[PDB]
Amino acid sequence: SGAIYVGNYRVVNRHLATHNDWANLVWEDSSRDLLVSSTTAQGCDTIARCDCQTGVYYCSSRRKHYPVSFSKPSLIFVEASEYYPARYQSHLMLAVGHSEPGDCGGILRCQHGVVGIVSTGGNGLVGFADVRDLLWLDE
Ligand SMILES: CSc1ccccc1N1C[C@@H](C(N)=O)CCC1=O
Ligand SMILES: [Zn+2]
């Protein structure tokens, strides 16, 4: 689990969105595994606006943060699960690291701010949904 809070927005993994997230829907993209809902309270997370390929992510299944190198956002094939059939997921970044289903929502951060959230895993890899292109999150 985990979310990003910036301004009057809440960014969550689309497969983990609640009834309240859907009742206050701003934007959702199944191909990205992202959903953004509106909030009454003001969030103060800083979104990164950069092309970094190094950062640190939080891994709940180890209660630890790990430094990782990660690929640029791209269209990557993701094995079927109970939330989605086998498909290509867009705007995804991969790194060598540990990730279990419950790790979804862990934040990846660089020196500039939040880069994305854990969205895929298995085989010794960890995949992050990028949010750096969603410039509207800051306005
Ligand atoms: C670390 S997430 C993971 C790990 C192992 C096996 C499956 C997953 N996924 C991948 C997710 C997706 N974005 O398609 C769907 C939900 C899920 O549990
Ligand atoms: Zn950066």
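The first residue of the sequence shown is numbered 1, and numbering continues consecutively from there. Scope of the values below: all heavy atoms of this structure, side chains included, with no hydrogens, waters or symmetry mates. Just follow the structure's listing: the first ligand is 1, and inside any ligand the first atom is 1.
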Exercise. Below 4.0 angstrom from a heavy atom of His15, which ligand 1 atoms are there? Numbered from 1 as shown, please.
Key: 16 (C)
Exercise. Among all protein heavy atoms, pick out the one at the shortest distance from atom 1 (C) of ligand 1; state its residue, atom name and that distance to 0.1 Å.
Key: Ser99 OG, 3.0 Å
Quiz prompt | Those atoms of ligand 1 less than 4.0 Å from some heavy atom in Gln89 | solution = 12 (C), 13 (N), 14 (O)
Self-check item: ligand 1 contact on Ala129 by region, counting heavy-atom pairs under 4.0 Å
Solution: neither
Exercise. Under 4.0 Å from a heavy atom of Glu100: give me the atoms of ligand 1 that qualify, with their elements.
Key: 1 (C)
Practice problem: Report the angle formed at the Zn ion (ligand 2) by atom SG of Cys110 and atom SG of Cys50, rounding to the nearest 10°. | Solution: 110°
Exercise. Considering the heavy atoms of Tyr83, write down every atom of ligand 1 situated less than 4.0 Å from one of them.
Key: 16 (C)
Exercise. Please write down residue, atom name and distance for the protein heavy atom closest to atom 2 (S) of ligand 1.
Key: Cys104 SG, 3.4 Å
Quiz item: Against heavy atoms of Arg87, which atoms of ligand 1 measure under 4.0 Å?
Solution: 14 (O)
Quiz prompt | side chain to side chain donor-acceptor pair (under 3.5 Å) between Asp33 and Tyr84, worked out | solution = CA-CA 9 Å; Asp33 184 41; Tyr84 300 107; 2.7 Å; yes
Exercise. Just jot down the ligand 1 atoms closer than 4.0 angstrom to any heavy atom of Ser119, in number order.
Key: 2 (S), 10 (C), 11 (C), 12 (C), 13 (N)
Quiz prompt | Option passing side-chain contact (heavy atoms from CB on, under 4.5 Å) with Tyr58 (candidates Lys64, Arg109, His65) | solution = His65
Quiz item: Of all the atoms in ligand 1, which lie at a distance below 4.0 Å from a heavy atom belonging to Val78?
Solution: 14 (O)
Exercise. Within a distance under 4.0 Å of any heavy atom of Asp33, pick out the atoms of ligand 1 and give their elements.
Key: 13 (N)
